[PDB]
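2 protein chains.
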Amino acid sequence: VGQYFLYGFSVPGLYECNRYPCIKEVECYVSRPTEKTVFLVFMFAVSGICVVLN
Amino acid sequence: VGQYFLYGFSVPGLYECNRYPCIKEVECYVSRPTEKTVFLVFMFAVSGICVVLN
Ligand SMILES: CC(C)CCC[C@@H](C)[C@H]1CC[C@H]2[C@@H]3CC=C4C[C@@H](OC(=O)CCC(=O)O)CC[C@]4(C)[C@H]3CC[C@]12C
Ligand SMILES: CC(C)CCC[C@@H](C)[C@H]1CC[C@H]2[C@@H]3CC=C4C[C@@H](OC(=O)CCC(=O)O)CC[C@]4(C)[C@H]3CC[C@]12C
Ligand SMILES: CCCCCCCCCCCCO[C@@H]1O[C@H](CO)[C@@H](O[C@H]2O[C@H](CO)[C@@H](O)[C@H](O)[C@H]2O)[C@H](O)[C@H]1O
Ligand SMILES: CCCCCCCCCCCCO[C@@H]1O[C@H](CO)[C@@H](O[C@H]2O[C@H](CO)[C@@H](O)[C@H](O)[C@H]2O)[C@H](O)[C@H]1O
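Protein chains in written order, with the entry's author numbering: chain A, 215 to 268; chain G, 215 to 268.
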C-alpha cells in the first residue's frame, strides 16, 4: 500500500518545480524514466504475486 | 503625446517576459535604469516648456 501510494506506476520524465532558491517555476528533466517505471511495475507485480500467495 | 503614451516616466530595472523561445516566464535585468528615467523626465520637461512657449 505504501509503495502504491508513494511512487505510483509511471515516472514522469519532465518535472516542474518552484522552491525558494528558484525565482520562478522551472522545468527539469529526468534520465532513464522508462527503465525506472518498467522495473517499478515489475516490483509491483512481484509484490502482488507474493500477496496472493500469502 | 506619443512619447508620454509609449515610454512613460520610469524605466523598470526588472522585467518579466514570456515569448515562444522561452519555455516559461523569465526575469531579465536592465542596466542603468536611473539615468535613463532621469534623462527621459528631463526631455519631457523640455518638451513641456517648448509646448508652453508655442
Ligand atoms: C497475481 C496477479 C493478480 C498480478 C497482477 C499484476 C497487476 C497488479 C499489474 C500487472 C500489470 C499492471 C498494469 C500495467 C500497466 C498499466 C498502465 C498504467 O497507465 C499509466 O501509467 C498511464 C495512465 C495512468 O496514469 O493511470 C496504469 C496502470 C496499469 C494498468 C497497470 C495496473 C496494474 C497491473 C495490472
Ligand atoms: C513648463 C512647466 C509646466 C513644466 C512642468 C514639468 C512637468 C510636466 C514634470 C516636471 C517634473 C515631473 C514629475 C517628476 C516625478 C514624478 C514622479 C513619478 O512617479 C513614478 O514614476 C512612480 C509612480 C507612477 O508610476 O506614477 C510620476 C510622475 C512625476 C510626478 C512627474 C510628473 C511630470 C512633472 C511634474
Ligand atoms: C510501511 C508502510 C509505509 C507507509 C508509507 C506511507 C507514505 C505516505 C506518503 C504520503 C505522501 C503524500 O504526498 C504524496 O506525494 C506523492 C509523491 O511524492 C504524490 O504522488 C504524485 O507524484 C508522484 C511522483 O512524484 C507520481 O508517481 C504519483 O502518481 C502522483 O500521485 C502524491 O500525490 C502525494 O499524495
Ligand atoms: C508622432 C506621433 C506618434 C504617435 C505614437 C503612438 C504610439 C502608440 C503606441 C501604442 C502602444 C500600445 O502598447 C503600449 O506599450 C507600452 C510600452 O510598450 C505599454 O507601456 C507600459 O510599459 C512601459 C515600459 O515598457 C512603461 O513605461 C509604461 O508606463 C507602461 O504603461 C503600454 O501599456 C501599452 O499600451
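From the three backbone atoms N, C-alpha and C, an ideal C-beta is built for every residue, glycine too.
Check	Outcome
Nearest-angstrom beta carbon gap, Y229/A and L254/A [assumed within contact, 8 Å]	16 Å between Cβ atoms; not a contact.
Proximity below 8 Å, CB of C231/A to CB of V240/A	yes
Members of the region 234–245 of chain A that neighbour chain G once the beta carbon cut-off is set at 8 Å	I237, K238, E239, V240 and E241
Candidates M257/G, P247/G, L267/G and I263/G, of which the one nearest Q217/G by Cα	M257/G
Counterpart residues of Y229/G in DSSP-defined beta bridges	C242/G
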